[PDB]
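The structure under discussion appears below in the form of structure tokens.
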Amino acid sequence: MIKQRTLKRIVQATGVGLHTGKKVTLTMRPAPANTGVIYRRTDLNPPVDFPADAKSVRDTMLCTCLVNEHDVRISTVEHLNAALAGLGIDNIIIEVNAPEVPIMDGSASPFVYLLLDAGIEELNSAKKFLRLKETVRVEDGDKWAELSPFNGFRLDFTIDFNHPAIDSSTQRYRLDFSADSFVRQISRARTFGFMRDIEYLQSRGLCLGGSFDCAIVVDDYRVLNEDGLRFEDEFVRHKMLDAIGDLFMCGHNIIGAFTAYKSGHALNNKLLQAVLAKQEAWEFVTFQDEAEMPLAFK
Ligand SMILES: C[C@@H](O)[C@H](NC(=O)c1ccc(C#Cc2ccc(CN3CCOCC3)cc2)cc1)C(=O)NO
Ligand SMILES: [Zn+2]
């Protein structure tokens, strides 16, 4: 039986939210089989829970933000979600005492590290995977995103920035997803902002926690960060990280192929919901033979 995974230990990190700029403590706790991924605002009385569900994602392109009927929020969950997806975590309580997940270094790597420190516990219940049986595609203008059948998890992401700082040959990345390949190739890729966009968002009271320590900053002509990039193609890798985290809002690892061009948080969420809404396009599956399981998590 391929088993559900949670943490062995409670772990904690403190940081600041990228957009709120608020100091926040993140606490991640083990949880029982069939619990799922739950996010909690613990600064409110009573505390407020959110599930990992595509429908709890706020209507915005800025980030992936959880919101409830009362407009209580947990902003910027995409990078932490990518780490959870990457290590195949099924059950976990994620607590924050402020309206945003800390940005840390802008990548998913700090979350990978914390999850590894917390240890992985395999539980006595079958891990369910969401397996694609048909192809589903969504579009927004020139943007598009697709999920199709594939025995594993393949991602193919293309960006098209027409920016002097981002060479044309570095704008596509393809990945056969495993915990190993995610951690090694994707997890360290940092978020980025263009100055034009940063100014726009700053003007609107956003990016309050933005800094060179948490983001690649690109001006009109070049990356401004002194020591450059972690990868020559760090930008497209980060867009892939975002997609991994966004798709994980359903709380299951997917078996299929994700292919996308300029897809951001809104379109990734649109795709997820479009898949879920077409019953014929997917199914939940479980496995018994470890030696042939489609996805490898360590
Ligand atoms: C695009 C996707 O990658 C997405 N990211 C974002 O949209 C996103 C990222 C970062 C930021 C930022 C920032 C920022 C950095 C540094 C400074 C301080 N400097 C002072 C001197 O002048 C230069 C500025 C102020 C602000 C804004 C927006 C994401 O990854 N979503 O998941
Ligand atoms: Zn991101």
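Basis for what follows: all heavy atoms, side chains included, without hydrogens, waters or symmetry-related copies. We count ligands from 1, going down the list as the structure has it; atoms in each ligand are counted the same way. In what follows, residues are counted from 1 in the order of the sequence shown.
- Shortest contact from atom 7 (O) of ligand 1 to any protein heavy atom: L62 O, 4.2 Å.
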Practice problem: In sequence, state the C-alpha distance, the side-chain angles, and the governing distance for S211 and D213, and then conclude on side-chain hydrogen bond (donor to acceptor under 3.5 Å, both in side chains). | Solution: CA-CA 5 Å; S211 79; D213 289 346; 4.6 Å; no

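- Among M61, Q202, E78, the residue whose heavy atom sits closest to atom 25 (C) of ligand 1 is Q202.
- Note: an N/O pair closer than 3.5 Å links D242 and ligand 1 by distance alone.
- Closest protein heavy atom to atom 24 (C) of ligand 1: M195 SD, 4.2 Å.
- Summary of contacts: the protein heavy atom closest to atom 28 (C) of ligand 1 is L201 CD1, 4.0 Å.
- In summary, the atoms of ligand 1 found under 4.0 Å from a heavy atom of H79, numbered by their order in the structure, are 30 (O), 32 (O).
- Side-chain polar atoms of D180 and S178 form no donor-acceptor pair below 3.5 angstrom.
- Annotation: cation-pi pair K127/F129 present, NZ/CZ under 6.0 Å from the ring centroid and within 45° of its normal.
- Checking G209, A215, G264, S211 against atom 10 (C) of ligand 1, the nearest heavy atom belongs to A215.
- Given atom 26 (C) of ligand 1, the protein heavy atom at minimum distance is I198 CG2, 3.6 Å.
- With sequence neighbours left out, the side-chain hydrogen bond (donor to acceptor under 3.5 Å, both in side chains) criterion links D43 to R41.
- Nearest protein heavy-atom neighbour of atom 8 (C) of ligand 1: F192 O, 3.7 Å.
- Of all atoms in ligand 1, listed by their number and element, those nearer than 4.0 Å to a heavy atom of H238 are 3 (O), 30 (O).
- Heavy-atom contacts from other residues, nucleotides or ligands closer than 6.0 Å to CG of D227 number 12 or fewer.
- No side-chain donor from either of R196 and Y200 sits under 3.5 Å from a side-chain acceptor of the other.
- Looking only at protein heavy atoms, the nearest one to atom 18 (C) of ligand 1 is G210 O, 4.2 Å.
- Under the rule for a side-chain hydrogen bond (donor to acceptor under 3.5 Å, both in side chains), the partners of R40 that lie at least two apart in sequence or sit in another chain are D49.
- Sorted by first and then second residue, the side chain to side chain donor-acceptor pair (under 3.5 Å) pairs involving residues 99-110 (not counting sequence neighbours) are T20-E100, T76-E100, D105-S107, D105-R230.
- What sits closest to atom 27 (C) of ligand 1 on the protein, heavy atoms only, is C207 SG, 3.6 Å.
- Using a cutoff of 4.0 Å between basic side-chain nitrogens and carboxylate oxygens, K262 and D142 are scored as salt-bridged.
- Judged by distance alone, with hydrogens and angles left aside, the side-chain atoms of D90 form a donor-acceptor pair with the main-chain N or O of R5 at under 3.5 Å.
- No donor-acceptor distance shorter than 3.5 angstrom exists from the side chain of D242 to the backbone of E78, with no hydrogens or angles considered.
- Residue-and-atom listing of protein N/O/S atoms under 2.8 Å from the Zn ion (ligand 2), sorted by chain and number: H79 NE2, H238 NE2, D242 OD1, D242 OD2.
- In terms of protein heavy atoms, atom 30 (O) of ligand 1 is closest to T191 OG1, 2.6 Å.
- Between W144 and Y261, the ring planes lie parallel to each other; the angle is under 30°, not in the 30° to 60° tilted range.
- If you number the atoms of ligand 1 from 1 as listed, the ones under 4.0 Å from a heavy atom of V217 come out as 15 (C), 16 (C).
- Relative orientation of the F182 and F177 rings is tilted, given thresholds of 30° and 60° on the angle between their planes.
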